[PDB]
>>> print(open('entry_15.pdb').read())   # PDB, C-alpha atoms and all ligand atoms
ATOM      1  CA  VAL A   3       0.000   0.000   0.000  1.00  0.00           C
ATOM      2  CA  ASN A   4       1.207   3.496  -0.959  1.00  0.00           C
ATOM      3  CA  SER A   5      -0.134   7.055  -0.619  1.00  0.00           C
ATOM      4  CA  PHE A   6      -1.148   7.936  -4.194  1.00  0.00           C
ATOM      5  CA  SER A   7      -4.815   8.960  -4.434  1.00  0.00           C
ATOM      6  CA  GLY A   8      -7.463   9.107  -7.142  1.00  0.00           C
ATOM      7  CA  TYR A   9      -5.518   7.254  -9.835  1.00  0.00           C
ATOM      8  CA  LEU A  10      -7.305   5.229 -12.501  1.00  0.00           C
ATOM      9  CA  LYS A  11      -5.885   1.710 -12.695  1.00  0.00           C
ATOM     10  CA  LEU A  12      -4.931   0.878 -16.300  1.00  0.00           C
ATOM     11  CA  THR A  13      -3.049  -2.441 -15.924  1.00  0.00           C
ATOM     12  CA  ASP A  14      -1.516  -4.602 -13.205  1.00  0.00           C
ATOM     13  CA  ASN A  15       1.146  -1.932 -12.559  1.00  0.00           C
ATOM     14  CA  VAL A  16       0.238   1.367 -14.316  1.00  0.00           C
ATOM     15  CA  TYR A  17      -2.029   4.052 -12.828  1.00  0.00           C
ATOM     16  CA  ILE A  18      -3.024   7.411 -14.348  1.00  0.00           C
ATOM     17  CA  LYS A  19      -4.383  10.751 -13.118  1.00  0.00           C
ATOM     18  CA  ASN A  20      -5.088  14.236 -14.488  1.00  0.00           C
ATOM     19  CA  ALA A  21      -2.680  16.138 -12.246  1.00  0.00           C
ATOM     20  CA  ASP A  22       0.401  18.341 -12.118  1.00  0.00           C
ATOM     21  CA  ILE A  23       3.424  16.181 -11.254  1.00  0.00           C
ATOM     22  CA  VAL A  24       4.792  18.979  -9.025  1.00  0.00           C
ATOM     23  CA  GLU A  25       1.634  18.967  -6.908  1.00  0.00           C
ATOM     24  CA  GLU A  26       1.596  15.165  -6.746  1.00  0.00           C
ATOM     25  CA  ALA A  27       5.244  15.237  -5.664  1.00  0.00           C
ATOM     26  CA  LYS A  28       4.614  17.914  -3.032  1.00  0.00           C
ATOM     27  CA  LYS A  29       1.758  15.790  -1.660  1.00  0.00           C
ATOM     28  CA  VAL A  30       3.225  12.277  -1.824  1.00  0.00           C
ATOM     29  CA  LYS A  31       6.993  12.909  -1.547  1.00  0.00           C
ATOM     30  CA  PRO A  32       7.648   9.741  -3.568  1.00  0.00           C
ATOM     31  CA  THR A  33      10.899   7.847  -3.515  1.00  0.00           C
ATOM     32  CA  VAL A  34      11.326   8.642  -7.225  1.00  0.00           C
ATOM     33  CA  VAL A  35       9.893  11.410  -9.398  1.00  0.00           C
ATOM     34  CA  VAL A  36      10.718  11.169 -13.106  1.00  0.00           C
ATOM     35  CA  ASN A  37      11.808  14.245 -15.046  1.00  0.00           C
ATOM     36  CA  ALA A  38      11.316  14.406 -18.817  1.00  0.00           C
ATOM     37  CA  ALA A  39      14.824  15.749 -19.424  1.00  0.00           C
ATOM     38  CA  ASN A  40      17.000  16.523 -22.419  1.00  0.00           C
ATOM     39  CA  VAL A  41      20.572  15.231 -22.789  1.00  0.00           C
ATOM     40  CA  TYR A  42      22.063  18.485 -21.410  1.00  0.00           C
ATOM     41  CA  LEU A  43      19.803  18.531 -18.338  1.00  0.00           C
ATOM     42  CA  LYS A  44      18.743  22.052 -19.337  1.00  0.00           C
ATOM     43  CA  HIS A  45      15.380  22.320 -17.597  1.00  0.00           C
ATOM     44  CA  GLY A  46      13.555  24.966 -19.603  1.00  0.00           C
ATOM     45  CA  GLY A  47       9.909  24.066 -20.120  1.00  0.00           C
ATOM     46  CA  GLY A  48       7.289  21.378 -19.798  1.00  0.00           C
ATOM     47  CA  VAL A  49       7.875  18.889 -17.007  1.00  0.00           C
ATOM     48  CA  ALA A  50      11.532  19.839 -16.562  1.00  0.00           C
ATOM     49  CA  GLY A  51      10.991  23.583 -16.367  1.00  0.00           C
ATOM     50  CA  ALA A  52       8.138  23.070 -13.897  1.00  0.00           C
ATOM     51  CA  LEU A  53      10.030  20.660 -11.628  1.00  0.00           C
ATOM     52  CA  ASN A  54      13.114  22.860 -11.647  1.00  0.00           C
ATOM     53  CA  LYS A  55      11.103  25.993 -10.810  1.00  0.00           C
ATOM     54  CA  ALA A  56       9.541  24.171  -7.857  1.00  0.00           C
ATOM     55  CA  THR A  57      13.073  23.451  -6.521  1.00  0.00           C
ATOM     56  CA  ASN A  58      13.990  27.159  -6.696  1.00  0.00           C
ATOM     57  CA  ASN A  59      16.564  26.273  -9.438  1.00  0.00           C
ATOM     58  CA  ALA A  60      18.449  23.829  -7.166  1.00  0.00           C
ATOM     59  CA  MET A  61      17.733  21.051  -9.677  1.00  0.00           C
ATOM     60  CA  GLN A  62      19.449  23.089 -12.416  1.00  0.00           C
ATOM     61  CA  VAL A  63      22.485  23.877 -10.228  1.00  0.00           C
ATOM     62  CA  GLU A  64      22.932  20.191  -9.388  1.00  0.00           C
ATOM     63  CA  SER A  65      22.384  19.227 -13.033  1.00  0.00           C
ATOM     64  CA  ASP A  66      25.028  21.648 -14.318  1.00  0.00           C
ATOM     65  CA  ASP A  67      27.585  20.079 -11.981  1.00  0.00           C
ATOM     66  CA  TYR A  68      26.537  16.602 -13.175  1.00  0.00           C
ATOM     67  CA  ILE A  69      27.056  17.566 -16.834  1.00  0.00           C
ATOM     68  CA  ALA A  70      30.376  19.311 -16.122  1.00  0.00           C
ATOM     69  CA  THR A  71      31.641  16.046 -14.603  1.00  0.00           C
ATOM     70  CA  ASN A  72      30.002  13.401 -16.810  1.00  0.00           C
ATOM     71  CA  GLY A  73      28.995  14.999 -20.103  1.00  0.00           C
ATOM     72  CA  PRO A  74      25.582  14.703 -21.731  1.00  0.00           C
ATOM     73  CA  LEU A  75      23.203  11.806 -21.361  1.00  0.00           C
ATOM     74  CA  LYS A  76      22.168   9.591 -24.282  1.00  0.00           C
ATOM     75  CA  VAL A  77      18.723   9.852 -25.843  1.00  0.00           C
ATOM     76  CA  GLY A  78      16.967   6.898 -24.213  1.00  0.00           C
ATOM     77  CA  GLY A  79      19.212   7.162 -21.145  1.00  0.00           C
ATOM     78  CA  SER A  80      18.861   8.440 -17.597  1.00  0.00           C
ATOM     79  CA  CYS A  81      20.612   9.467 -14.418  1.00  0.00           C
ATOM     80  CA  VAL A  82      19.563   9.535 -10.754  1.00  0.00           C
ATOM     81  CA  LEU A  83      19.960  12.866  -8.963  1.00  0.00           C
ATOM     82  CA  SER A  84      18.408  14.445  -5.887  1.00  0.00           C
ATOM     83  CA  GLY A  85      14.666  14.949  -5.645  1.00  0.00           C
ATOM     84  CA  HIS A  86      15.263  18.136  -3.622  1.00  0.00           C
ATOM     85  CA  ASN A  87      12.065  19.241  -1.841  1.00  0.00           C
ATOM     86  CA  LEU A  88       9.830  17.116  -4.100  1.00  0.00           C
ATOM     87  CA  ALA A  89      10.993  13.490  -3.720  1.00  0.00           C
ATOM     88  CA  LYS A  90      13.906  11.475  -2.402  1.00  0.00           C
ATOM     89  CA  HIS A  91      15.352  11.048  -5.907  1.00  0.00           C
ATOM     90  CA  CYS A  92      14.719  12.443  -9.374  1.00  0.00           C
ATOM     91  CA  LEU A  93      15.209  10.027 -12.266  1.00  0.00           C
ATOM     92  CA  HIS A  94      16.065  12.254 -15.240  1.00  0.00           C
ATOM     93  CA  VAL A  95      14.964  10.271 -18.322  1.00  0.00           C
ATOM     94  CA  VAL A  96      15.604  11.397 -21.910  1.00  0.00           C
ATOM     95  CA  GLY A  97      12.854  10.373 -24.283  1.00  0.00           C
ATOM     96  CA  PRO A  98      13.118  11.308 -27.961  1.00  0.00           C
ATOM     97  CA  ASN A  99      12.060  14.870 -28.854  1.00  0.00           C
ATOM     98  CA  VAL A 100      10.302  14.629 -32.224  1.00  0.00           C
ATOM     99  CA  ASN A 101      10.494  18.415 -32.614  1.00  0.00           C
ATOM    100  CA  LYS A 102      14.309  18.028 -32.577  1.00  0.00           C
ATOM    101  CA  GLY A 103      14.194  15.289 -35.217  1.00  0.00           C
ATOM    102  CA  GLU A 104      15.065  12.554 -32.717  1.00  0.00           C
ATOM    103  CA  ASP A 105      14.266   8.894 -33.336  1.00  0.00           C
ATOM    104  CA  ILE A 106      10.923   7.817 -31.851  1.00  0.00           C
ATOM    105  CA  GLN A 107      12.065   4.168 -31.648  1.00  0.00           C
ATOM    106  CA  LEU A 108      14.173   5.215 -28.613  1.00  0.00           C
ATOM    107  CA  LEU A 109      11.004   5.696 -26.546  1.00  0.00           C
ATOM    108  CA  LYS A 110      11.016   2.053 -25.419  1.00  0.00           C
ATOM    109  CA  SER A 111      14.639   2.367 -24.267  1.00  0.00           C
ATOM    110  CA  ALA A 112      13.682   5.491 -22.317  1.00  0.00           C
ATOM    111  CA  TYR A 113      10.859   3.674 -20.497  1.00  0.00           C
ATOM    112  CA  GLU A 114      13.173   0.741 -19.662  1.00  0.00           C
ATOM    113  CA  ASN A 115      14.938   3.040 -17.184  1.00  0.00           C
ATOM    114  CA  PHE A 116      11.777   2.941 -15.043  1.00  0.00           C
ATOM    115  CA  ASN A 117      12.308  -0.789 -14.394  1.00  0.00           C
ATOM    116  CA  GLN A 118      15.268  -0.020 -12.119  1.00  0.00           C
ATOM    117  CA  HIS A 119      12.864   1.477  -9.530  1.00  0.00           C
ATOM    118  CA  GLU A 120      10.074  -0.355  -7.721  1.00  0.00           C
ATOM    119  CA  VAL A 121       7.664   2.631  -7.649  1.00  0.00           C
ATOM    120  CA  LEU A 122       7.736   5.927  -9.574  1.00  0.00           C
ATOM    121  CA  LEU A 123       5.698   9.103 -10.067  1.00  0.00           C
ATOM    122  CA  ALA A 124       6.168  10.059 -13.712  1.00  0.00           C
ATOM    123  CA  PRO A 125       4.944  12.121 -16.668  1.00  0.00           C
ATOM    124  CA  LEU A 126       4.035  10.607 -20.021  1.00  0.00           C
ATOM    125  CA  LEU A 127       7.340  10.435 -21.888  1.00  0.00           C
ATOM    126  CA  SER A 128       7.824  12.463 -25.072  1.00  0.00           C
ATOM    127  CA  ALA A 129       4.295  13.929 -24.899  1.00  0.00           C
ATOM    128  CA  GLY A 130       3.440  17.632 -25.017  1.00  0.00           C
ATOM    129  CA  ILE A 131       6.240  19.831 -26.355  1.00  0.00           C
ATOM    130  CA  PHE A 132       8.385  16.756 -27.073  1.00  0.00           C
ATOM    131  CA  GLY A 133       6.121  16.250 -30.084  1.00  0.00           C
ATOM    132  CA  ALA A 134       5.386  12.502 -30.002  1.00  0.00           C
ATOM    133  CA  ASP A 135       1.982  10.798 -30.235  1.00  0.00           C
ATOM    134  CA  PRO A 136       0.759  10.513 -26.622  1.00  0.00           C
ATOM    135  CA  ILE A 137      -1.482   7.502 -27.327  1.00  0.00           C
ATOM    136  CA  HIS A 138       1.597   5.705 -28.657  1.00  0.00           C
ATOM    137  CA  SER A 139       3.675   6.736 -25.644  1.00  0.00           C
ATOM    138  CA  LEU A 140       1.080   5.339 -23.226  1.00  0.00           C
ATOM    139  CA  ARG A 141       1.060   2.046 -25.148  1.00  0.00           C
ATOM    140  CA  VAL A 142       4.861   1.859 -24.960  1.00  0.00           C
ATOM    141  CA  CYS A 143       4.759   2.630 -21.227  1.00  0.00           C
ATOM    142  CA  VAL A 144       2.281  -0.153 -20.466  1.00  0.00           C
ATOM    143  CA  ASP A 145       4.141  -2.614 -22.713  1.00  0.00           C
ATOM    144  CA  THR A 146       7.609  -1.781 -21.295  1.00  0.00           C
ATOM    145  CA  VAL A 147       7.404  -0.787 -17.632  1.00  0.00           C
ATOM    146  CA  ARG A 148       6.988  -3.696 -15.225  1.00  0.00           C
ATOM    147  CA  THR A 149       7.433  -1.767 -11.968  1.00  0.00           C
ATOM    148  CA  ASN A 150       4.666   0.319 -10.385  1.00  0.00           C
ATOM    149  CA  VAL A 151       4.232   3.604 -12.240  1.00  0.00           C
ATOM    150  CA  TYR A 152       1.858   6.451 -11.353  1.00  0.00           C
ATOM    151  CA  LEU A 153       1.414   8.744 -14.353  1.00  0.00           C
ATOM    152  CA  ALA A 154       0.486  12.400 -13.836  1.00  0.00           C
ATOM    153  CA  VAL A 155      -0.972  13.958 -16.998  1.00  0.00           C
ATOM    154  CA  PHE A 156      -1.165  17.753 -16.846  1.00  0.00           C
ATOM    155  CA  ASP A 157      -3.462  18.630 -19.740  1.00  0.00           C
ATOM    156  CA  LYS A 158      -7.093  17.781 -18.888  1.00  0.00           C
ATOM    157  CA  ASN A 159      -8.172  17.319 -22.508  1.00  0.00           C
ATOM    158  CA  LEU A 160      -5.178  15.052 -23.093  1.00  0.00           C
ATOM    159  CA  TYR A 161      -6.001  12.969 -20.014  1.00  0.00           C
ATOM    160  CA  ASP A 162      -9.608  12.519 -21.139  1.00  0.00           C
ATOM    161  CA  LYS A 163      -8.435  11.544 -24.636  1.00  0.00           C
ATOM    162  CA  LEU A 164      -5.893   9.045 -23.285  1.00  0.00           C
ATOM    163  CA  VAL A 165      -8.410   7.335 -20.994  1.00  0.00           C
ATOM    164  CA  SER A 166     -11.133   7.200 -23.626  1.00  0.00           C
ATOM    165  CA  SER A 167      -8.806   5.626 -26.220  1.00  0.00           C
ATOM    166  CA  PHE A 168      -6.861   3.187 -24.017  1.00  0.00           C
ATOM    167  CA  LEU A 169      -6.997  -0.471 -25.081  1.00  0.00           C
TER     168      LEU A 169
HETATM  169  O1  LIG B 201       0.206  17.526 -20.449  1.00  0.00           O
HETATM  170  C1  LIG B 201       1.006  16.596 -20.177  1.00  0.00           C
HETATM  171  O2  LIG B 201       0.960  15.834 -19.170  1.00  0.00           O
HETATM  172  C2  LIG B 201       2.159  16.395 -21.177  1.00  0.00           C
HETATM  173  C3  LIG B 201       3.345  17.362 -20.934  1.00  0.00           C
HETATM  174  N1  LIG B 201       3.325  17.726 -19.536  1.00  0.00           N
HETATM  175  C4  LIG B 201       3.915  18.816 -19.073  1.00  0.00           C
HETATM  176  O3  LIG B 201       4.508  19.594 -19.808  1.00  0.00           O
HETATM  177  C5  LIG B 201       3.789  19.101 -17.617  1.00  0.00           C
HETATM  178  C6  LIG B 201       4.111  20.359 -17.153  1.00  0.00           C
HETATM  179  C7  LIG B 201       3.991  20.685 -15.785  1.00  0.00           C
HETATM  180  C8  LIG B 201       3.551  19.744 -14.896  1.00  0.00           C
HETATM  181  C9  LIG B 201       3.215  18.451 -15.370  1.00  0.00           C
HETATM  182  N2  LIG B 201       2.773  17.364 -14.773  1.00  0.00           N
HETATM  183  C10 LIG B 201       2.644  16.445 -15.751  1.00  0.00           C
HETATM  184  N3  LIG B 201       2.982  16.862 -16.944  1.00  0.00           N
HETATM  185  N4  LIG B 201       3.350  18.167 -16.728  1.00  0.00           N
HETATM  186  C11 LIG B 201       4.733  16.846 -21.293  1.00  0.00           C
HETATM  187  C12 LIG B 201       5.108  15.540 -20.917  1.00  0.00           C
HETATM  188  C13 LIG B 201       6.382  15.051 -21.235  1.00  0.00           C
HETATM  189  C14 LIG B 201       7.293  15.866 -21.920  1.00  0.00           C
HETATM  190  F1  LIG B 201       8.522  15.385 -22.215  1.00  0.00           F
HETATM  191  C15 LIG B 201       6.945  17.185 -22.288  1.00  0.00           C
HETATM  192  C16 LIG B 201       5.662  17.676 -21.974  1.00  0.00           C
HETATM  193  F2  LIG B 201       5.328  18.944 -22.346  1.00  0.00           F
END
>>> encode(input="entry_15.pdb", output="C-alpha cells")
Amino acid sequence: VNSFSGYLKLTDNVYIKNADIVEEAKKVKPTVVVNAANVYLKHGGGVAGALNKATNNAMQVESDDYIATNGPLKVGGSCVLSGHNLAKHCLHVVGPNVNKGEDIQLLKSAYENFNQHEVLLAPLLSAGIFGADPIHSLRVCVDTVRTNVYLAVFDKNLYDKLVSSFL
C-alpha cells in the first residue's frame, strides 16, 4: 500500500491521473519522481521547467555540476539525482524529442529506465512539447514498464483523450 490517491488503474502496474506532477510530488513525496529531461539537463519548459522551478533552481544547479563532470546523457538514457524538496530522488529520463528530429524508436529504451525502480511518479514520456503521439507513448509505457508507475498527466483534454482511447 502506498499514498497515491485518485488514480485510474490501467493495468496490473500502471495508474493514471489528471494532475500536475509537481503537486503530486509535493503531496506524496515519492521515492522517485521522473523528469522528462533533455541530454544536457537544461530544464527549460514542460515537465523539466516546472520541476526545476519548484526546486527554486536547485535542480538546475545540481544538473550543471553533473554535466560538467560526466557529459551529456544519451537519448533513451537516464541518471539519478536528488529529488530536492519534491521526492527522495529524481530520475532524469531522456525520451526522444520529435520536434528536434530525434528517433521515436528510442522511446522504449527510455521507459526501460523505469524498471530499475520499484515505484515511480512520472509524466508521459515524449508527450506535449516533445512532439510525439501521446497515445503511442502510453502504449509503450504499459508494454515496457513492469514496476509500479503512477502517471500524472497535466493537460485535462489530453487525459480525457488518453483514458477514452486506451486499449
Ligand atoms: O500535459 C502533459 O501531461 C504532457 C506534458 N506535460 C507537461 O509539460 C507538464 C508540465 C507541468 C507539470 C506536469 N505534470 C505532468 N505533466 N506536466 C509533457 C510531458 C512530457 C514531456 F517530455 C513534455 C511535456 F510537455
>>> resolve_selection(input="entry_15.pdb", expression="the PyMOL selection byres (((not hetatm)) within 8 of (chain B and resi 201))", output="JSON, numbers by chain")
{"A": [20, 21, 22, 23, 24, 37, 38, 39, 47, 48, 49, 50, 51, 52, 53, 97, 99, 124, 125, 126, 127, 128, 129, 130, 131, 132, 133, 153, 154, 155, 156, 157, 158, 160, 161]}
>>> atom_distance(input="entry_15.pdb", atom1="atom CA of residue 56 of chain A", atom2="atom CA of residue 33 of chain A")
16.9 Å
>>> resolve_selection(input="entry_15.pdb", expression="the PyMOL selection byres (((chain A and resi 66-80) around 7) and not hetatm)", output="MDAnalysis selection string")
chainID A and resid 41:42 62:65 81:82 93:98 108:109 111:112 115
>>> resolve_selection(input="entry_15.pdb", expression="the PyMOL selection byres (((chain A and resi 119) around 12) and not hetatm)", output="ChimeraX atom specification")
/A:32-36,82,91-93,113-118,120-124,147-151
>>> atom_distance(input="entry_15.pdb", atom1="atom CA of residue 40 of chain A", atom2="atom CA of residue 162 of chain A")
26.9 Å
>>> closest_residue(input="entry_15.pdb", among="A:31, A:19, A:163, A:138", to="residue 4 of chain A", atoms="all atoms listed in the file")
A:31
